[PDB]
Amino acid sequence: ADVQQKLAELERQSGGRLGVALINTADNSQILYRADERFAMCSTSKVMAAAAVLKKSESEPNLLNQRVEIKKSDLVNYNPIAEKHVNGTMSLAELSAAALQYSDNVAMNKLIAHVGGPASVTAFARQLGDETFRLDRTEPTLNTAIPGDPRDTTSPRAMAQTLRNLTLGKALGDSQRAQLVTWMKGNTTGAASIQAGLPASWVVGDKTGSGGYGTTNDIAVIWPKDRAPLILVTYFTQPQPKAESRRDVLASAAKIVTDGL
């Protein structure tokens, strides 16, 4: 109850809406705050798309080495890796890493397309028992994050449970799980978010997200020092369409829910 009040006060000062889901796998205890409300996933959805490709590769062993053409007309708003490979190709492995570790939007679009479109990424979540996740649009419009819009949303509880199944559970084959975890542990975008609220000695694999209405997200699997692993989802969105990102809010939330662990 103390943590709930701290998160409520953090939220008040932030001026936005905060969603938190922490799963402690030591005993399956949880800290939940607006955990059943819907939030625009933004780029945190790229974990689901990469996972669906990994699942597909479980029956197509050389799948991750297949080449995908990168076209100039594919470039959108944020293409840090794909812009370097225009007029060439990238493997699905490289596209998965680019989406997860640099939040490349072209890579996400290639991941979505390869599994049949957003409805197939959603079908994958259903296959995992996730009835809340829904992916409706491609990059970049899936990040609009309009209040009241259910497109491209999920709840902190649903994503925390699915991330547990993906990174610590049996959603993926163990070889594919290891690749997903390795990729997420190599993320370059998360130093100011969840990671920033945890001790430096803790190992973090995370995927961040940014969108309209100042939406600022992060989902992580965490191996604390001398503790069982944790799953943490911190979603944050704001009332103003042009609101600025608040990664500091996610760091504060992580510090609050891990205080005293």
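Residue indices: 1-based, along the sequence shown.
Higher average CA B factor: 80-88, of the stretches 80-88 and 138-146. In this entry, 58-66 shows the higher mean Cα temperature factor of the pair 39-47 and 58-66. Split the chain's modelled residues into thirds by C-alpha temperature factor. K170 is in the highest one. Per the deposited record, the Cα B-factor of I23 falls in the middle third when ranked against the other modelled residues of its chain.
The deposited CA B-factor of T208 belongs to the lowest third of values across its chain.
When the CA B factors of the chain's modelled residues are split into thirds, the value for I219 lands in the lowest one. In the deposited entry, the Cα temperature factor of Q179 sits in the bottom third of values across the chain's modelled residues.
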